[PDB]
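Enquirer: Fold the following.
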Amino acid sequence: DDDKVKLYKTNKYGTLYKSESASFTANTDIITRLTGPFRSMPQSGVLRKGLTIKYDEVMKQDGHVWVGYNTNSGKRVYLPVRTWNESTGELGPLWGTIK
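Expert: Numbers count the residues shown, from 1 in each chain. Find the structure here:
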């Protein structure tokens, strides 16, 4: 029920998103995506376990919750951080820590 405490909007891709600037520290090697929060998008790279990134957006799309951030080169990356059951709203365990 995060939409009860945070403002969410919907974009042209049908993605539910909220503006949020925090830090995410991965507890596993995560595959990132380019252009948007879809596993069908080209792979951007891999966020290694233990690394921390600062994101500015949180999105719900393609069965996961994702965070958006920019790398040191300015490349926009979409990082999946947990599963999201679109048919129930059920969220899987966070694949790291948020602060």
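Enquirer: what number of residues lie near residue 14?
Expert: Residues contacting residue 14 under the criterion other Cβ atoms under 10 Å number 9. To be clear about C-beta, it is placed using only N, CA and C from the backbone, and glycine gets the same treatment.
Enquirer: In the chain, what residue spans correspond to helices?
Expert: Secondary structure of the chain (DSSP state H): no helices present.
Enquirer: Tell me the spacing between the nearest residue to residue 6 once chain neighbours are set aside and residue 77.
Expert: Nearest non-adjacent residue to residue 6, counting by Cβ to Cβ, 6 or more residues apart in numbering: residue 18, 5.0 Å away. Separation of residue 18 from residue 77 (Cβ to Cβ, to the nearest Å): 18 Å.
Enquirer: between these two, who's got more neighbours?
Expert: Per other Cβ under 10 Å, whichever of residue 18 and residue 77 has more neighbours is residue 77, with 19 against 14.
Enquirer: residue contacts, the residue most central in space within the chain?
Expert: With distances taken as Cα atoms, centre = their mean, residue 66 lies nearest the centre of the chain, 1.4 Å away. Residue 66 sits next to 37, 58-60, 78-81 when contact means Cβ atoms under 8 Å, 6 or more residues apart in numbering.
Enquirer: Tell me the buried residues within these.
Expert: With neighbours counted by 16 or more other Cβ atoms under 10 Å, the contacts of residue 66 contain buried members at 37, 58-60, 78-81.
Enquirer: Just send those residues back as TSV, with distance to residue 92 too.
Expert: Formatted as TSV, those follow (distance: Cβ to Cβ, whole Å):
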residue	distance to residue 92
37	15
58	15
59	15
60	12
78	17
79	15
80	10
81	10
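Enquirer: wait, which of these is closest to residue 51?
Expert: Relative to residue 51, the closest of the buried ones among the contacts of residue 66 is residue 79; by Cβ to Cβ it sits at 10.7 Å.
Enquirer: where's the closest residue to residue 76 other than its chain neighbours relative to residue 55, distance?
Expert: Nearest non-adjacent residue to residue 76, counting by Cβ to Cβ, 6+ apart: residue 70, 5.6 Å away. For residue 70, the distance to residue 55 (Cβ to Cβ) stands at 9 Å.
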